[PDB]
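K.L.:
got a structure for you, letters missing:
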Ligand SMILES: [Mg+2]
Ligand SMILES: [Mg+2]
Ligand SMILES: [Zn+2]
């Protein structure tokens, strides 16, 4: 148990900058009491400490000046927040508190993912680094805003999350209007003429005498960004309409939306130039593209300046989603017209199966197998249709938008809302040959509902069979790796490993380029063990393999110019109970070489352990 | 973030050395009032309360400001272990 | 109960010293009292 | 206390040149950041009086989407370069002015090269319009007009010369407005608003001036709730 | 002749009760319907001073969670009922009053049963307060204060009588506020705004009165913009 | 197997009594027989609820008995099925066990009837657990009702068939934790059960015979029965549940009122006119709001607070023992030794606090003095005292104080003494004192709200009404639910609840919509059409057309393909209202929210707050005698637990000193913690 600590229910703090958190003053006052008592003595608000302490025993005797003495005690000082179970390093992070009314800890939204906190009533514990030294650790190495990339994968971790994406996606989208088809004419104003008498759409995919265009593009031609945005504000064009804007000498065809986004970045990073060459301007911003935007920002500008961009994206993302007007009505779970047919065609293919069985061409299992085989294919063809439908017809539909932006939901879930639940499995493991035809919109049958509850358990049970503890694995791992720390700078070993870029045994023993991730996971932030001259460029021995360096190698392997990469690994490192800095490579959480003295075994155990909790357990198919 | 974290990092060979240097400079920056400070008047840390910007009491901070000016020196084996705890008490009273 | 052998507890880092430019007149204290009379 | 009433809030301004200003007003009672912020913002963007180019004559080009020989830019680009020209009328009576410019050959063309007319003076004399080299020549009748906000070219009628191409006219001299309201404290109160308000002008008007006259348009509009005119209340009819 | 601006709009009211009012202002410059309607509705809903019950002392009760004999309601229920009481301070220099009410025997106590006080009118004299059966006696003092906004009982130490019960105050006499902005023209000018406010109140304050005050507040706020300061 | 009755509300108790454990003297948690036992068996159909179960590590071990299910004399659960003979369906009902059932071809209940006649060509049936389609000739029994498949709690979830099961579990669980409000409402959309639950839960008080009301006050009701009998019903008043929530019957009846047998008289704690009232009905707009509803978090109009809308009354009990000592007796007394008088104000009453006092944290509930410290005063304090007119009294202030984190207002003190009245006290105790302290908990940031479809969140923001999104008629909304909480949860039931609720809000009606039966899209849409007439129909009559903003929105709305092009502004608006979406104005800006927003009435419950989950903070306090680790006092929190899991996080950070000081200074190291304090001071 621990002396300067507390616990409370957490609530989101959208107002907080990334390194701040909201602490109830009532709780701050206890945690810092001894410190507080001293300031009280340094100020004309208490003679001595005993009398100051007595001031604080009863709530009614607490004055005003006291709370001003707190805001001063707290100054600089940070605290730690912890949400159990601490599954990895980021289970504890340090913020500098901001005193709030009420009795809830206020948590920045960007740190929820790592804490795996959500606001259905999770509580965080708070801890207070007392000493000059512990405060420095907390501030330099534990502060939220200094831990933006994951130490397991080296990918950003404090990244746009939900409503934040949603917002930003909706503005960087562009509408696709269909009431203009692909007509052509003696363009000039004869184009807009059509548009005027309601004939063409404005974002219609016209292809006039010459080139392809909006309407649209030739109608609205802004000399600068803020002319474009003065326009949208005047309601004479939406951020989603595609338009013509002269930006940075270049004459562009985008939406005012996409410009505005581009501005947001530019201003957040104090650099109009670098901004414009980090951004993917010709696609809608989404979970992934933003992720990559952050990562780049992080490499190119500081980490300090990256946190500024992060809060910037947060801020707008949030506000843009509010006015966006996304919700969910029942009519948003859109059932594709195709479902009738796929099910009618399924049902008749099923007649044929049942016939060939009743004759005796089918063994009991052969029929059973064949039915499942069918309902599988069908569940797919339906899921396919659902999405195809959303893309062609209702591409700004909230369910679709949420799922695509990565803001929330997957195709399995969307299928269950609009298509059909499909096959459910028996308590015994096997599958019911009758699938659930209803979507959650249609609403299940009492039998359909029971049938499908069997898997419900298996779920709930196999979660709560690790969601109590699978930190069972991480225990096992720490126990074997805890002693390992980056001890030297270089152990000076000659040997190494050779990371392959090819998988055998596809067409039994045939070679095949490994997946980009699988390679990135093998190569990023490794030190090159021997020189590697590839694609007319020599990568030098002892070089830390940057992310771009990796894509290069992948590019070179696609051009059939390399097959393995010699790479210094901890597998072959010669440091005694530990690992040298060259053999480990990059930090990962910071995208530079690991610093000597990192507890790199513990970081390894957590990295492997943490995901274990979400590894669908016993063999079920 | 902290004002100058990236460049503070750039000043050392191990992440952890920074923290050490900072802590230790904070310890002495407290031990001798704030008299040691290598920060000229106008560049001293500041607060706001009771309405009158007094010097920022947080020494964890102070040290980080001073580092960034480069008026400090840090090293593994500089001066002897006790020719320091008295020699620093000469220029600034231990009281 | 000991300081862990990693991070700010690793030997590579632990024993670092810090001194101001003015306190660096400690090496002049050796330089002004070495040879006697 | 409850409290009594409230402090009369301090109004701060920092002003970087004649083109940008930040305006902080704190503290305000709960909600008043937004209550002030928004009206002033829409006033600033829609209703502050300014000037801009409305339509343009060019001696040797019929369509607006053509290009001209001897002048390396598009017709459209030149129009775009004009949409950025900022002028000011130092006479209250002036409503419309057609500015003259004429030059050709191996020379670069700024804004200043516009012939000096009436009580009209160009704010940005170093504004780039066009480059020229050989043979190609340029003569025009650039028509300015006093207005508000943003008026597109298709949205205004009754055309000019027999060769008149309408221009989208950014009348408003406030290029952008942006405000954020943030929580502030006064004693036990954590609930109070502090209003930060950032304004960009083209520089024909001070950012602070724009504001001065923004508040006014609101202030004056509030005196319209003045001359009550009676009317019958509608029947329930149920 | 300067057609740049437009003639001052007609401001026409349409008011009957003490309770409801419509307020029109046409024609306004495009957009101006919102530029005006909104800030006013905010000031209206939030910031108009009213009157409300602040504390209740009752003869033989000690606290809010008691129950009077011969009386159907709990003390909690009775306060809830007293929150609905709306009163005018005919005198504008009057900050507070205490209404008295002694009742007895089989009867149904409503808000007119209160002992009458000079310069103080009860806008809802029919509002039910308690039901009293045989031998049930209710004897109470009710404090009414003038105030603004929402001020909860835990936020006042109303210690006149040591057995009083402090009550949450909902001062605002503005009860609901909508505004319409509709298309209107003036000759060739097509998209001009016609602003229409709709103000419901409790009766202690009038829609128009509320509207005037709300304007005056906004007026007195645009005051704070002149008289600057360097950064 | 015997446990603290869960009576957070009526249903809590009902559900508690109907539970079924696999633990005790039967095989438990150690063995855990994972994935078996914890698992809904084909035979659970109608015998055990397949959804009501504890989430977490008790999953499938404790379980709830299904609504119509019944336990026979041999101890087997039976379920009613109606006998069907030749496609006609008799009302002759049979209670089969699991094995009897397996002998039959039983058809589902939704099976279309044409009188008693099975109307359908093909019929869905279970043949010993096996879903099959059969012709009606082959049917031998039929389900009574979807109701039978599920527990009581689950049966309380309307539109259940539209909610994924995992989230309906959370729904039927949270209802248990619903705290009784003082302005409780029965839901706008109900299922059926809500009345009959209160009946059985013995929450409310009903009249046992035909009669006329004689007397009624908050305290009791007297009823003259048609035979002459005058029976008095004491109205259990402001009493304390196991869980501290209040139960108190209020009279819902007037003097001289005629009353049938089984008519209502008093409402329970959580009933509104004998219908279970576990929460409020409240206007909800489902749309994101500036991040304040970011991750299941919920925003709240201050208007709720003003209407006393989520206000509950909680009673805490405090005890103090006056014990005989080896050192000699200690006493309850007004006369404690110290430096205060204003600290005795509302005490006087011979030690004990006056009934009716406002008590803050740290205040004196009961005054008590013990002989202390083996009765030695410090030679150092000996002097200190004689400088001030020494007394140096033997007895110490061991007075009972309101712990931090609040008390409230005193309502009853109870005194039990030296065995003599009819009391068996703990041996060594002279007497005990009890003080009961009541508090009207209003809604506040942190409180946790829930609907019955397992959407659960924490109030993260309270906005002033001016900031709240409002309909065009100037009606603001009460709560703002984030839509992102729906697609992955697949609890579409709440969306339907909202649509019907919107119609209800304008047509001034409530609904009963049976589980797997009830309202269906086209029927809701018809009601929404009627409602539209109120919500809009009148606008023209009161002299108003469509708002310029209403037009703005529709323009965007037709490009989303929600509304038909060409159709008039008004008729587009109806189209939109039929999807249960309205045009919402942002109270901050006055502008509309681009594209329409689903609003409507939703039933939401404030959830019980446990002491363990209350807000905690330690600076420095008591410590364990044996291990010398921070230990929780009476009015002093214990410390947080620092586990090896947290120790790793710190190690992985290289925060060496922090870890050290965490496990020495801030815990174990004895002089460490003192020198630490003294230093800081
Ligand atoms: Mg959770
Ligand atoms: Mg154009
Ligand atoms: Zn090595």
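P.N.:
That came through fine. Residues are numbered from 1 along each chain as shown, chains lettered A, B, ... in the order given. Ligands and ions are numbered 1, 2, ... in the order given.

K.L.:
so residue F:438 touches residue F:240, yeah?
P.N.:
No - using C-beta atoms under 8 Å, residue F:438 is not in contact with residue F:240, being 9.1 Å away. From N, CA and C alone the C-beta is placed, and that goes for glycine too.

K.L.:
what touches both of the two?
P.N.:
Counting by C-beta atoms under 8 Å, 6 or more residues apart in numbering or on different chains, the contacts common to residue F:438 and residue F:240 are F:246, F:315.

K.L.:
what's near enough to touch residue F:494?
P.N.:
Per C-beta under 8 Å, 6+ apart, neighbours of residue F:494: F:159, F:163, F:451, F:453, F:455, F:486, F:602.

K.L.:
gap between the nearest residue to it once chain neighbours are set aside and residue F:154?
P.N.:
Spatial nearest neighbour of residue F:494, excluding adjacent residues (C-beta to C-beta, 6 or more residues apart in numbering or on different chains): residue F:453 at 4.4 Å. For residue F:453, the distance to residue F:154 equals 11 Å [C-beta to C-beta, to the nearest Å].

K.L.:
in JSON lines: the contacts of residue F:494, plus neighbour count.
P.N.:
Formatted as JSON lines, the contacts of residue F:494 follow (neighbours: other C-beta atoms under 10 Å in any protein chain shown):
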{"residue": "F:159", "neighbour count": "29"}
{"residue": "F:163", "neighbour count": "31"}
{"residue": "F:451", "neighbour count": "27"}
{"residue": "F:453", "neighbour count": "30"}
{"residue": "F:455", "neighbour count": "26"}
{"residue": "F:486", "neighbour count": "28"}
{"residue": "F:602", "neighbour count": "28"}
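
K.L.:
out of these, the closest to residue A:256 would be?
P.N.:
Proximity of those to residue A:256 was ranked by C-beta to C-beta; the top entry is residue F:486 with 30.3 Å.

K.L.:
and the closest residue to that closest one other than its chain neighbours, how far from residue A:456?
P.N.:
Nearest non-adjacent residue to residue F:486, counting by C-beta to C-beta, 6+ apart: residue A:328, 5.2 Å away. According to C-beta to C-beta, residue A:328 and residue A:456 sit 23 Å apart.

K.L.:
one more: residue A:593?
P.N.:
Per C-beta to C-beta, residue A:593 is found 48 Å from residue A:456.

K.L.:
how many neighbours does residue F:329 have?
P.N.:
By the criterion of other C-beta atoms under 10 Å in any protein chain shown, residue F:329 has 12 neighbours.

K.L.:
hang on, it in a helix?
P.N.:
No - counting by DSSP: H, G, I helix; E, B strand; the rest coil, residue F:329 is not found in a helix; it is coil.

K.L.:
surely it touches residue F:430?
P.N.:
Yes - in this structure, residue F:329 is within contact of residue F:430 by C-beta under 8 Å, at 6.4 Å.

K.L.:
so what sits against both of these two?
P.N.:
F:322-323.

K.L.:
still on that earlier bit, and for residue F:453 and residue F:154, which residues touch both?
P.N.:
Common neighbours of residue F:453 and residue F:154 (C-beta under 8 Å, 6+ apart) are F:168, F:171.

K.L.:
list the buried ones in the longest helix seen in chain A?
P.N.:
For chain A, the longest helix by residue count, based on DSSP state H, is helix A:364-392. Buried residues in helix A:364-392, defined by neighbour count with 16 or more other C-beta atoms under 10 Å in any protein chain shown: A:367-368, A:370-372, A:374-375, A:378-379, A:381-387, A:389-390.

K.L.:
ok so, going back, now do the SS call for the residue nearest to residue F:486.
P.N.:
coil.

K.L.:
residue F:285 versus that one, what's the distance?
P.N.:
Separation of residue A:328 from residue F:285 (C-beta to C-beta): 12 Å.

K.L.:
anything in contact with each of these two?
P.N.:
residue F:598.

K.L.:
after the host helix or strand of residue F:315 comes which helix or strand?
P.N.:
According to DSSP states H and E, residue F:315 maps onto strand F:312-323. Later in the chain than strand F:312-323, the nearest helix or strand by DSSP H and E is strand F:331-332.

K.L.:
please name the strands paired to that following strand in the sheet, noting orientation.
P.N.:
Neighbouring strands of strand F:331-332 in its sheet, by DSSP bridges, are strand F:368-371 (antiparallel).

K.L.:
ok, then the element right after the strand it pairs with?
P.N.:
helix F:379-386.

K.L.:
right, and residue A:544 touches residue A:586 too?
P.N.:
Yes - judged on C-beta under 8 Å, residue A:544 makes contact with residue A:586 at a distance of 6.4 Å.

K.L.:
mind listing the shared neighbours of these two?
P.N.:
With C-beta under 8 Å, 6+ apart, residue A:544 and residue A:586 have common neighbours A:525-526, A:593.

K.L.:
possible to save those as CSV with distance to residue A:310, secondary structure and neighbour count?
P.N.:
Shown next, in CSV, are these (distance: C-beta to C-beta, whole Å; DSSP: H, G, I helix; E, B strand; the rest coil; neighbours: other C-beta atoms under 10 Å in any protein chain shown):
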residue, distance to residue A:310, secondary structure, neighbour count
A:525, 22, coil, 21
A:526, 28, coil, 25
A:593, 24, strand, 18
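
K.L.:
what are the boundaries of the strands in the chain?
P.N.:
This is for chain A. A:5-12, A:20-24, A:79-82, A:92-100, A:105-107, A:123-127, A:221-222, A:243-247, A:250-254, A:497-500, A:527-528, A:532-534, A:537-539, A:564-568 (DSSP state E).

K.L.:
oops, wrong one, chain C.
P.N.:
C:17-20.

K.L.:
pick out the residue in it sitting closest to chain A.
P.N.:
Here the residue of chain C nearest chain A is residue C:10; by C-beta to the nearest C-beta that distance is 3.3 Å.

K.L.:
quick revisit: and the longest helix of chain A, how far out from the chain's middle?
P.N.:
On the basis of C-alpha atoms, centre = their mean, to the nearest Å, helix A:364-392 sits 30 Å off its chain's mean C-alpha point.

K.L.:
stretch F:544-551 and chain D, any residue contact?
P.N.:
No - using C-beta under 8 Å from any C-beta of the partner chain, stretch F:544-551 stays clear of chain D, coming no nearer than 9.6 Å.

K.L.:
buried sites along that stretch?
P.N.:
For stretch F:544-551, burial by neighbour count (16+ other C-beta under 10 Å) applies to F:544, F:546-551.

K.L.:
can you put the shared contacts of residue A:544 and residue A:586 in JSON lines and add distance to residue A:299?
P.N.:
Listed next are those as JSON lines, based on distance: C-beta to C-beta, whole Å:
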{"residue": "A:525", "distance to residue A:299": "12"}
{"residue": "A:526", "distance to residue A:299": "17"}
{"residue": "A:593", "distance to residue A:299": "14"}
